[PDB]
Structure formats: C-alpha cells, structure tokens
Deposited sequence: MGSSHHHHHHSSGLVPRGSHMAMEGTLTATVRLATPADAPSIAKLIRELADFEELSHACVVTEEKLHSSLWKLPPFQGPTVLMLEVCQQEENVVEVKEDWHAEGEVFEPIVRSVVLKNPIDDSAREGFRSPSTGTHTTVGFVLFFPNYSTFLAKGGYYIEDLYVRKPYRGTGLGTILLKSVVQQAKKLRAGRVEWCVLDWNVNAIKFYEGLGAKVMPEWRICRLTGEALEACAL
C-alpha cells in the first residue's frame, strides 16, 4: 500500500513515547521467543527512563515514517518493495500525528578500561515486520553511531544471538566485528538476591 518514497525520522524519545516503546519491546520479545521473560509496562519505562540527560544514561531513539543534544535525523528512502502495514493506526506518532512509528533503539554509555574512554552499548534495535529490508534499520543504527562519534566514543558495541544471521549479516554489513571469544554472565532473580558477603 505504501509505495514510492518515504521520509524516515529518527528522534529522541520523550515520556509520551512510552506506550509505543512498550508495544515495540513486546514485539521484539516475541521475535526472540522470550515473550515470557518480558515484563515491560509503561509505568516501568516512566520509572526507569528520562531520569538523566540523553546520551548520559539509558536513551531511546524512535524511528517514524511518512510520505511525500540530538537534532532529529531526516532521510528519504526509496522502498525496495511496497509496504503493507496493517497496524499503522496502532502506531500513530504522538509527536507528529501524520507519522507512523516503525522502530526504536535503546542504548546507554559503556566503558573501555584499556582505552580509558567511554563508548556506547546498543541494548535493543527493532523495526516492525512490514518495514524491514528497505534501509530503515540501517538509518536507525547509523543515527546512534553518528551521535556516539559526535560524543567522541571509542567504540560502539552491541550483542547478537548467534542464530540471528539476518542481524549478523546486517551488523557485519556496517563494518562491525562479531567477537567469538566473549560470553555474557548474568546474575539475576533468586541467585542475585542470594549472592551476599
């Protein structure tokens, strides 16, 4: 239904975006088949995000489309194939009514001990199913990398499930290196509460 060219906008999320973000987090949990592990609510986003200045704590960028600290990034995209979005009314942008929310990225600063320099870690990057494969995920990730470089970051890092070959190829298509020697350790739930001096 959406044909030709679209105008993509990447912009800083505000508290008004909390419901769209909760919806996109839920969709992302389904994609990773971890919907049971996802307990996100809008109140939890209000309690944990927008506490610190952007790029100084957990920060979210929204990706929205329409047709024709961080300033919004606006780029035109020629659609690879027409877009059939049967959920556009549920993703209407709260900022500009005539935009459709199709994605988000959540990231926060990290630190390299050997560089003695801060960087950025991308925790989540998601684009709604009808909008994948036409350059939108690239714009969104490139927007974070762009601001990170403006803030003199040494590295930009993120994780990847080794079976998400679609994301692997996408990430390596941007010059990133998938490191094979590192494993994440997580202490949480009962074990975290039981861990004591």
Check your understanding: Counting from 1 along the deposited sequence, which stretches were left out of the model?
Key -> 1-21, 90-105
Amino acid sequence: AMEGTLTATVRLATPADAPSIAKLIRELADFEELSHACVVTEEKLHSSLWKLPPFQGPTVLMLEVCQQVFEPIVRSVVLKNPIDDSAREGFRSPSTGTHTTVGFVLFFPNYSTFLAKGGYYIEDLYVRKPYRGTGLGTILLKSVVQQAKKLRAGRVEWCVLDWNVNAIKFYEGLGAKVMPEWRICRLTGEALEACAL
From here on, numbers count along this sequence of modelled residues.
Practice item. Averaging only over Cα atoms, indicate whether 104-112 or 72-80 has the higher B-factor in the PDB entry. Key: 72-80
Review point. Higher mean Cα B-factor in the deposited model: 148-156 or 27-35?
Key: 27-35
Practice item. Determine, from the deposited record, the chain-internal third of the Cα B-factor for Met62: lowest, middle or highest. Key: lowest
Review point. According to the PDB entry, is the CA B factor of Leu141 in the bottom, middle or top third of its chain, that is, lowest, middle or highest?
Key: lowest
